[PDB]
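Visitor: before I ask anything, here's the sequence and the deposited coordinates:
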Amino acid sequence: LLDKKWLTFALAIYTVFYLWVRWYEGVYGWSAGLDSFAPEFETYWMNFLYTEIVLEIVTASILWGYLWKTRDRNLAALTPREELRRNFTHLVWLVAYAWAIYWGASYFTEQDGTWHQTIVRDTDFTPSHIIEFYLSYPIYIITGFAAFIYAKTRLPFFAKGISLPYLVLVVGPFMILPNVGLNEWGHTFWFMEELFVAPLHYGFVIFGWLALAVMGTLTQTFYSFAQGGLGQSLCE
Amino acid sequence: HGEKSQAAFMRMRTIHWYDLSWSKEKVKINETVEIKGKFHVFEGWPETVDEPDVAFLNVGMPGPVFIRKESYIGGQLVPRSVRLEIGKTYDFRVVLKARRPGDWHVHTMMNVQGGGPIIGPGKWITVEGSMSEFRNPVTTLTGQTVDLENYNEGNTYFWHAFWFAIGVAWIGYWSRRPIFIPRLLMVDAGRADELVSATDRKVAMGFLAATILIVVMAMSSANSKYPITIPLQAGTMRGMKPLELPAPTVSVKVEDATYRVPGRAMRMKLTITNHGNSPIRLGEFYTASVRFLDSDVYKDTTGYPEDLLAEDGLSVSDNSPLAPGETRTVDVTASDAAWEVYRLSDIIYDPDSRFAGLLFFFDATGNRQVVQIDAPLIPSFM
Amino acid sequence: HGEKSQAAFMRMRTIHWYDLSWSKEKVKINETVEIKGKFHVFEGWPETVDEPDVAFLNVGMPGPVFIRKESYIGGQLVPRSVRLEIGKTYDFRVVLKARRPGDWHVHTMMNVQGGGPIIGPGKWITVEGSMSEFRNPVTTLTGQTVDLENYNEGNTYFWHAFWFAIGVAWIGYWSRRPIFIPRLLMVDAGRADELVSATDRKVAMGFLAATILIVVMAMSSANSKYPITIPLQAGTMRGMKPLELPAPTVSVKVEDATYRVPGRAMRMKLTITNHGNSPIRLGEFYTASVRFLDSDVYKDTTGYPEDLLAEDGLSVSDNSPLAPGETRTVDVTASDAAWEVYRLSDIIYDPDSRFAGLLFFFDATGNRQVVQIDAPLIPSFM
Ligand SMILES: CCCCCCCCCCCC(=O)OC[C@H](COP(=O)(O)OCC[N+](C)(C)C)OC(=O)CCCCCCCCCCC
Ligand SMILES: CCCCCCCCCC(=O)OC[C@H](COP(=O)(O)OCC[N+](C)(C)C)OC(=O)CCCCCCCCC
Ligand SMILES: CCCCCCCCCC(=O)OC[C@H](COP(=O)(O)OCC[N+](C)(C)C)OC(=O)CCCCCCCCC
Ligand SMILES: CCCCCC(=O)OC[C@H](COP(=O)(O)OCC[N+](C)(C)C)OC(=O)CCCCC
Ligand SMILES: CCCCCC(=O)OC[C@H](COP(=O)(O)OCC[N+](C)(C)C)OC(=O)CCCCC
Ligand SMILES: CCCCCCCCCC
Ligand SMILES: CCCCCCCCCC
Ligand SMILES: CCCCCCCCCC
Ligand SMILES: [Cu+2]
Ligand SMILES: [Cu+2]
Ligand SMILES: [Cu+2]
Ligand SMILES: [Cu+2]
């Protein structure tokens, strides 16, 4: 079996959900979504914010708790074929994390830029941010934490210790979410402008760099892949 | 649409827009709508807002639903940022061409280099038609007429696609062979020195030489075609001509100003001294895009937005004609639902509870005097 | 000599120098040459140049071929930086004493605290004699006359040579013994602790004590001699008196201004309205150190530099006398080789294609009016 069709679902769920989110914001961007004090904004975007925050907290709790509860206690007696299967599953998790990171840190963040050059900022909870800071960032945070937990609880290579590159790759991008406090503070007190390259935004830049720990993470996963099922073929 | 969120005192004391007019309320695609009026820079400019040494006359709209054909501050075109003087009154004019169908709330705004956006009154303008009909023809000094909607689009697409294809070709050439784990193991276990051998080096030399040559030849070709180019034109424009308004013949002293918390009314006591030689009557109080009118004195006929206009929102305790030379003290109440809808009552949250506004006095002949008032605004709870 | 490189629009709109005069064209060593004139600060000061809040009246010359004896802005001496107001006209005067023989291009320049050098017209001044004849006597408030060419030179040489000799003595004392490789090997192989032993420590103590004592005694001696000293005198000088020029009786509106690319001519259309009570005629257009004159109206007699003067470089379509009250529109062409020699045609490279200049109108009696013009400058290619 080895690599199964979970990869297709991992790609498709993010693609479909984010395409629907893009449709939703293209429909309710203007027309209940420009004025932050209109009653329709509260029903179409504040309700969206509340629902998504509750659902994100619940989903994170459920997913992380399930992954930690179903953790492999007897990792010592694990066959190499099953290790290869689990390595492929962890690679699927990493693919999902990469897709979520793309959607969160590129698509909706530069989309926040479109909005932060076309309309006058009205609040800290515009549609663009709600879709990005409080939906896509928590989604990729959940995916990254789930991937880290799965690696630690199923892969013997990633067990018996916390991987430093994996921890950086998982936590640094998370630090962008609390960095939103600097974004709002730096937009209301600092910089009475919409400059996208202002120093108020280097917080995302600093913690966007920490996603480069994916290189150390990926060489660690390559070594985990090539533990028993390394060969032969390769290097022979 | 970005106001009702800015501090009420900041909206009250930045820039006062008056004599606003809109040429049309409903336009077709490619039709022109002209926005005129005057804006006055408040003398008590808030200290956290930089003085309008560098200001830009902008339009508040949801993206390019209109294109700004022209904009004038003092009769002359202002495509760049301008310098405004605190205390001066300027007349402006913005010309917009309809581009996208729909109902758009068009604001006249001013952006300041160190204080952000100062949004004026917004008016709903309806655009009808189709976006496909929109044209933006421009004639260049080289003698060619181009449409700015699609000019250079094909060239941009071609060049970006070409360079993307070059990069993809490089990556794919290296990706035909196994990529990650065998190469990692070969580099780890002993010297690698086998994964990069000719003609890989020849291919890299070819890629480098071709890239440099293509860049050079493309630059030369883009020099031959379009032989006449200019840099981006930029720079703050000084010498904005202000209006030479006559000195007002009405002097108003504000003796305390209060607003109930909660409430939709603002009350102030004014000592009005009528100089000149005509009996005057207070007809309007404008504070922040909100016009409180006394219907018995003045009626609005310029199509001001209904949500910002209070036809009978101004009540004067004694609004009988004020004879010249006579000075009297009256109680003026400015009450309208706009005071709460546009959050002018949120000044209680502001760290500077002071207000500014415009008073308009009309005589029998109808000619009006613009007198400017500002005072601390004291909330009342008991 | 540092101009012809600055942006043409920056040279056109920073400072307009006019009424310039030079007392002498050829001087001997120790002789004085006086440069007078007026400079006007342009109202449309470019935004990337800081306002002349701190400005210094400098002289453009290849080093101290002259010494600046005196410089005045408004009649009073200005050895320090000064504050200038945008839009004001100041008269200046610089006195130079010849120091070095040769042919020197002397410019009158102004340095701005945030915009760099504003170079005015330069004139070739010949200096004859020998540099050995130059004297710069100065009388101090303590009652002694010194020559600034060699005052304190011997003392400076002595002290620097003495301290250099002390340092060389220290290094040589340590350099008598073997220096690098044996000492490196001794420090490496086991403890060194043999290369520094008494009386090396005694010599170091002596050097330290002697250095401190010599510094203290030298300071005390330099306190006894020259008992009266003052700190360096510095600080921007405010309150520069500007000229009280009468309001011009000529109003000129610029309706478009064009220059051919390539070309040596600049063409503009002006609507001149003659107020007052005298028929006027346009005689000169000054744009950036370049004077385009109409020989039929005005002739230069102040010895203006030939490369910057166009005796017949100004052509007016209708330069007949303009009766008072009459307004007419004329086509004015300013053509001279200076327009290309001083790269005023390089404004096409500038990011702000706008020009400024001075127009001089003369009546029958000869008295002149200075009117200032500025407008966008549009290149023409076809
Ligand atoms: C990592 C864990 C993430 C947790 C957060 C998830 C956020 C989900 C969206 C919040 C919606 C909200 O809050 O709004 C509720 C909206 C408000 O729209 P309405 O006025 O009812 O109009 C009619 C509804 N339309 C405008 C959408 C047509 O209505 C709803 O009930 C519908 C919400 C559907 C969400 C599920 C579909 C997602 C795409 C399919 C692939 C997964
Ligand atoms: C609406 C939310 C639905 C999320 C569904 C989560 C699925 C449960 C997670 C999980 O444990 O594994 C699912 C798959 C297949 O891996 P499994 O083998 O099931 O995982 C356990 C490994 N073990 C069987 C050897 C013990 O592993 C995967 O690759 C699934 C990737 C799912 C993409 C991440 C979605 C997260 C959105 C917030
Ligand atoms: C918010 C920012 C996160 C800060 C980063 C700190 C965590 C980084 C290191 C890390 O993840 O290790 C914690 C464990 C991994 O196993 P260990 O750290 O070895 O300890 C396991 C026992 N423990 C679950 C009680 C911790 O991983 C888990 O066991 C997590 C799964 C259990 C938590 C599920 C409940 C959470 C619901 C919201
Ligand atoms: C790899 C990222 C792909 C992002 C594509 C995207 O944002 O799609 C939205 C956009 C919306 O434009 P349009 O297709 O015209 O449909 C408009 C519907 N709304 C307004 C809701 C977006 O176009 C599509 O939906 C094309 C489908 C691409 C599938 C990968
Ligand atoms: C790594 C490079 C950081 C350089 C910081 C920077 O560009 O700041 C510009 C800003 C100058 O403000 P300015 O660009 O004039 O802002 C104009 C808009 N307002 C007045 C509303 C802020 O300076 C500061 O206020 C100090 C920044 C501290 C950085 C740790
Ligand atoms: C207004 C001047 C701002 C200067 C900022 C300097 C930033 C340097 C970062 C090390
Ligand atoms: C090392 C490559 C340098 C290329 C220089 C090309 C100059 C062309 C002038 C138009
Ligand atoms: C440790 C050496 C301090 C020297 C002080 C000398 C003071 C002299 C006063 C004129
Ligand atoms: Cu609006
Ligand atoms: Cu005002
Ligand atoms: Cu020179
Ligand atoms: Cu001038």
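Guide: Received it, and whenever you're ready, just let me know what you need. Numbering: from 1, shown residues only, chains lettered A, B, ... in the order given. Ligands and ions are numbered 1, 2, ... in the order given.
Visitor: quick check: which element contains the residue nearest the centre of chain A?
Guide: Residue closest to the average C-alpha location in chain A (C-alpha atoms, centre = their mean): residue A:140, at 1.1 Å. In this structure, residue A:140 sits in helix A:137-154 according to DSSP states H and E.
Visitor: now the angle from the helix or strand just after that helix to helix A:137-154?
Guide: Where DSSP H and E defines the elements, the next helix or strand beyond helix A:137-154 is helix A:164-171. Relative orientation of helix A:164-171 versus helix A:137-154 (axes from the mean of the first three to the mean of the last three C-alpha atoms, to 10 degrees): 150 degrees.
Visitor: work out the gap between the helix holding residue A:140 and the centre of the chain.
Guide: Computed by C-alpha atoms, centre = their mean, to the nearest Å, the chain-centroid distance of helix A:137-154 equals 9 Å.
Visitor: again, but for stretch A:17-33
Guide: 20 Å.
Visitor: list of residues touching it?
Guide: Stretch A:17-33 is contacted by residues A:38, A:40-41, A:43-45, A:48, A:103, A:107, A:127-128, A:131, A:135-136, B:62, B:102 when judged by C-beta atoms under 8 Å, 6 or more residues apart in numbering or on different chains. The way it works is simple: take the backbone N, C-alpha and C, and place the C-beta from them, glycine included.
Visitor: rewinding a little: can you tell if the helix holding residue A:140 touches ligand 3?
Guide: Yes. Using C-beta under 6 Å from any ligand atom, we find that helix A:137-154 touches ligand 3 at A:149, A:152.
Visitor: closest one of the contacts of stretch A:17-33 to ligand 11?
Guide: Checking the contacts of stretch A:17-33 against ligand 11 by C-beta to the ion gives residue B:62 as the nearest, at 56.3 Å.
Visitor: identify the residues contacting the closest one.
Guide: With contacts defined as C-beta under 8 Å, 6+ apart, residue B:62 is in contact with A:30, A:34, A:118-119, B:1, B:104-105.
Visitor: most neighbours among those, which one?
Guide: Counting by other C-beta atoms under 10 Å in any protein chain shown, residue B:104 has the largest number of neighbours within these, with 24 neighbours.
Visitor: that residue contacts residue B:59, doesn't it?
Guide: No. Using C-beta atoms under 8 Å, residue B:104 is not in contact with residue B:59; the gap is 10.2 Å.
Visitor: quick check: neighbours shared by the two?
Guide: residue B:66.
Visitor: about what we covered before: show the buried residues in the contacts of stretch A:17-33.
Guide: A:41, A:44-45, A:48, A:103, A:107, A:127-128, A:131, A:135-136, B:62 (16 or more other C-beta atoms under 10 Å in any protein chain shown).
Visitor: need the contacts of residue B:62 in JSON lines (columns: distance to ligand 1 and secondary structure).
Guide: Below are these laid out as JSON lines (distance: C-beta to the nearest ligand atom, whole Å; DSSP: H, G, I helix; E, B strand; the rest coil):
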{"residue": "A:30", "distance to ligand 1": "15", "secondary structure": "coil"}
{"residue": "A:34", "distance to ligand 1": "16", "secondary structure": "coil"}
{"residue": "A:118", "distance to ligand 1": "22", "secondary structure": "helix"}
{"residue": "A:119", "distance to ligand 1": "21", "secondary structure": "coil"}
{"residue": "B:1", "distance to ligand 1": "20", "secondary structure": "coil"}
{"residue": "B:104", "distance to ligand 1": "23", "secondary structure": "strand"}
{"residue": "B:105", "distance to ligand 1": "22", "secondary structure": "strand"}
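Visitor: ok, the residue in the stretch 51-200 of chain B positioned nearest to chain C to residue B:136 distance?
Guide: In the stretch 51-200 of chain B, the residue that lies nearest chain C is residue B:143 (5.1 Å; C-beta to the nearest C-beta). For residue B:143, the distance to residue B:136 equals 18 Å [C-beta to C-beta, to the nearest Å].
Visitor: which of these two has more residues huddled nearby?
Guide: Legend: neighbour count by other C-beta under 10 Å for residue B:143 and residue B:136, higher for residue B:136 (16 against 8).
Visitor: pull the contacting residues for that one.
Guide: The contact partners of residue B:136, taken as C-beta under 8 Å, 6+ apart, are B:67, B:97, B:147-149.
Visitor: all strands for the stretch 151-300 of chain B, in order.
Guide: B:250-260, B:265-274, B:280-286, B:291-293 (DSSP state E, counting those that start in this stretch).
Visitor: so which elements touch the helix or strand just after the last one?
Guide: Right, strand B:291-293. Next along the chain after strand B:291-293, taking DSSP H and E as the criterion, comes strand B:309-310. Helices and strands touching strand B:309-310, as assessed by 3 or more C-beta pairs under 8 Å, 6 or more residues apart in numbering or on different chains; DSSP states H and E, comprise strand B:291-293.
Visitor: hmm, back to that, who's the closest spatial neighbour of the residue of the stretch 51-200 of chain B closest to chain C, skipping the chain neighbours?
Guide: For residue B:143, ignoring the flanking residues on the chain, the nearest one in space by C-beta to C-beta, 6 or more residues apart in numbering or on different chains is residue C:382 at 5.1 Å.
Visitor: count the residues that sit near that neighbour.
Guide: Neighbourhood size, residue C:382 [other C-beta under 10 Å]: 6.
Visitor: I'd assumed residue A:214 was in a helix, is it?
Guide: Yes. Assessed with DSSP: H, G, I helix; E, B strand; the rest coil, residue A:214 lies in a helix.
Visitor: how about the contacts made by it?
Guide: Residue A:214 sits next to A:98, A:165, A:169 when contact means C-beta under 8 Å, 6+ apart.
Visitor: among those, which one is most surrounded by other residues?
Guide: Of those, with other C-beta under 10 Å as the count, residue A:169 tops at 26 neighbours.
Visitor: touching, that one and residue A:144? I think so.
Guide: Yes. Contact criterion C-beta under 8 Å: residue A:169 and residue A:144 qualify, at 7.1 Å.
Visitor: how near is the residue nearest to the centre of chain A to residue A:106?
Guide: Distance, residue A:140 to residue A:106, by C-beta to C-beta: 11 Å.
Visitor: mind listing the helices for the chain?
Guide: Here I'm looking at chain A. Remark: helices assigned in chain A by DSSP state H are A:6-28, A:39-41, A:47-69, A:80-102, A:108-118, A:127-131, A:137-154, A:164-171, A:180-188, A:202-209, A:214-225.
Visitor: that was the other one, I meant chain B.
Guide: Secondary structure of chain B by DSSP H: the helices cover B:8-12, B:153-175, B:181-188, B:200-224, B:338-341.
Visitor: is ligand 9 contacted by the shortest one?
Guide: No. Shown here: helix B:338-341 not in contact with ligand 9 (C-beta under 5 Å from the ion), separated by at least 12.6 Å.
Visitor: residue in the stretch 151-300 of chain B nearest to ligand 1?
Guide: Closest residue of the stretch 151-300 of chain B to ligand 1, C-beta to the nearest ligand atom: residue B:180 (29.4 Å).
Visitor: is it true that that residue touches residue A:223?
Guide: No. Counting by C-beta under 8 Å, residue B:180 stays clear of residue A:223, with 11.4 Å between them.
Visitor: looking at those two, which is more packed in?
Guide: Of the pair residue B:180 and residue A:223, residue A:223 is the one with more neighbours under other C-beta under 10 Å, namely 16 against 12.
Visitor: residues contacting the residue nearest to that one when sequence neighbours are not counted?
Guide: Residue nearest to residue A:223 in three dimensions, not counting chain neighbours: residue A:157, with 6.4 Å by C-beta to C-beta, 6+ apart. By C-beta under 8 Å, 6+ apart, the residues touching residue A:157 are A:220, A:223-224, A:227.
Visitor: pull out the buried members of those.
Guide: Among the contacts of residue A:157, those classed as buried by 16+ other C-beta under 10 Å are A:220, A:223-224.
Visitor: can you tell me which of these is nearest residue C:77?
Guide: Relative to residue C:77, the closest of the buried ones among the contacts of residue A:157 is residue A:220; by C-beta to C-beta it sits at 76.3 Å.
Visitor: with residue C:192 as the reference, measure out to the closest one.
Guide: Per C-beta to C-beta, residue A:220 is found 49 Å from residue C:192.
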